[PDB]
Amino acid sequence: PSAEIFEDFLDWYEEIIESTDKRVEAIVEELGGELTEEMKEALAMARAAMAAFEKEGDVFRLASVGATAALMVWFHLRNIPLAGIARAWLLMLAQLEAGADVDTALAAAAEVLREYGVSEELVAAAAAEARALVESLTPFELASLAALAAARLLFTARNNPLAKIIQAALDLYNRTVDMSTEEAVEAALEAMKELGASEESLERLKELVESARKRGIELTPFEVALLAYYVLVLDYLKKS
Ligand SMILES: C[C@H](CCC(=O)O)[C@H]1CC[C@H]2[C@@H]3[C@H](O)C[C@@H]4C[C@H](O)CC[C@]4(C)[C@H]3C[C@H](O)[C@]12C
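Within each chain the first residue of the written sequence is number 1 and the count goes on from 1 in that order, possibly differing from the entry; residues lacking coordinates are omitted. Where side-chain values are given, they derive from all heavy atoms of the structure, hydrogens and water being excluded. Residues with missing side-chain atoms are left out of burial classes, side-chain pairs and their counts.

What the deposited record gives as its method is X-ray crystallography, and the resolution it gives is 3.59 Å.

The chain is annotated in the PDB entry as CHD_buttress of synthetic construct. What the PDB record gives as the title of this entry is "De novo designed cholic acid binder: CHD_buttress".

Written out as structure tokens, the structure is:
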């Protein structure tokens, strides 16, 4: 059912905030359990962050935050360490928006990962790969790039193909930092071809990219790879 949250993010058009609030409240009444103060306050942080992207017109990051909160409550009980990945991303975002240095935001992120049942070997290993990728920048890119490196190593055993999808997007981000916009769309296509992952996905990318280029400002080369990630993941989920 996690493919529902990815499809809703891929769906483009106050509306996104009110739909996200309904989806988070839906997952709460669909999983049954009562919400704790930690998760209640993490949701308020995500709703304040997406409200900040509203007033400044960052519609891509906006729905990205709404998807993290919806996935965070979905993995409340099913996959506890994954909820740590989602909420540590939320904490890194808010702390970086408060003028934090990278080491401080990473150390506070390690606290949250440890608390939600992530082994210290993976916490330190994720803190080592994240520090290198960060020192190559918006706080959105820092929180997402670091949390992606942590999700790859936690995906030992469970969903070990999904680590490849994270691996490629990280390698794609490092190789498209100097490439142009259209050159990065070619590279994202070429990487999607290297992994295959059926067709229709290769078009879903062109749809989302051209949808962002026809209306609004054109997006960053980081956000291209972020778009290609959501297409490949949704392909893998429907394939299963
Ligand atoms: C792939 C994994 C689980 C997917 C699922 O089956 O629900 C999901 C769970 C939380 C997701 C992360 C969170 O949504 C936080 C980040 C959101 C960004 O838009 C992508 C990177 C980002 C770090 C996401 C990477 C990946 O999509 C994660 C780690």
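Another aspect to go through is the pattern of salt bridges. Any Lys or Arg side-chain nitrogen located within 4 Å of an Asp or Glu carboxyl oxygen qualifies as a salt bridge. Applying the stated criterion across every chain, the model contains nine salt bridges. Measuring nitrogen to oxygen at the nearest pair gives 3.0 Å for the salt bridge that ties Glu129 to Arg152. The salt bridge partner of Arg213 is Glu210, with a shortest N-O separation of 2.8 Å. Remark: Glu210 and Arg213 occur in helix α11 (residues 201-214); sequence separation between them is three residues, near one turn of the helix. One network of salt bridges, in which partners are shared, links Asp58, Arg61 and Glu223. Here a helix means four or more residues in a row that DSSP labels H or I, a strand means two or more in a row labelled E, and each is numbered from the N terminus.

This part covers the site of the ligand. For the ligand, the set of nearby residues contains 16 residues, the closest of which are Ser64, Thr68, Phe75, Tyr229 and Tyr230. Within the contact set of the ligand, an oxygen atom lies 3.5 Å away from a side-chain nitrogen or oxygen of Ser2. Any N or O atom pair separated by 3.5 Å or less is treated as a polar contact, with the protein-specific requirement of one donor-capable and one acceptor-capable atom, and with residues adjacent in sequence counted only for side-chain atom pairs. Within the side chain of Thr68, a nitrogen or oxygen atom sits 3.3 Å from an oxygen atom of the ligand. Bound to the protein, the ligand loses 98% of the 570 Å² it would expose on its own. For the shell around the ligand, the secondary structure elements donating two or more residues are α1 (2-10), α4 (59-74), α5 (80-97), α8 (139-154) and α12 (221-239). The residue classification treats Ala, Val, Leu, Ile, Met, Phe, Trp, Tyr, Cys and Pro as nonpolar and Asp, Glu, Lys and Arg as charged. All others, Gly included, are polar. Grouping the constituent residues of the shell around the ligand by class yields 13 nonpolar, three polar and no charged. The rule for a residue being near a molecule or strand is that one of its heavy atoms must lie within 4 Å of it. In these tables, accessible area is a Shrake-Rupley quantity obtained with a 1.4 Å probe, and a residue counts as shielded only by the protein chains included in the view.

Here we take up the nonpolar core. A general tendency of soluble globular proteins is for nonpolar side chains to be buried together. Counting 91 residues, the largest nonpolar core has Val65, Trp89, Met92, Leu205 and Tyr229 as the members making the most contacts within it. It is α12 that contributes the most residues to this core, twelve residues altogether. Contacts are residue-level and defined by heavy atoms, with any inter-residue pair within 4.5 Å sufficient. Not counting the four nearest positions on each side in its chain, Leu205 is found in contact with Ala188, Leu189, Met192, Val224, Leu227, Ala228 and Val231. Here, the term nonpolar core denotes a set of buried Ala, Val, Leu, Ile, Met, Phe, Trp, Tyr and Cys residues that are joined through side-chain atoms within 4.5 Å. Partly exposed describes any residue whose relative accessible area lies between the buried limit of under 20% and the exposed limit of over 50%, with all areas from a 1.4 Å probe on protein chains only and scaled to the type maximum.

It is worth spelling out the side chain of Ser64 at this point. Relative to the elements of secondary structure, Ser64 occurs in helix α4. When residues no more than four places from it in sequence are discounted, the contact partners of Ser64 are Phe9, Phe140 and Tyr230.

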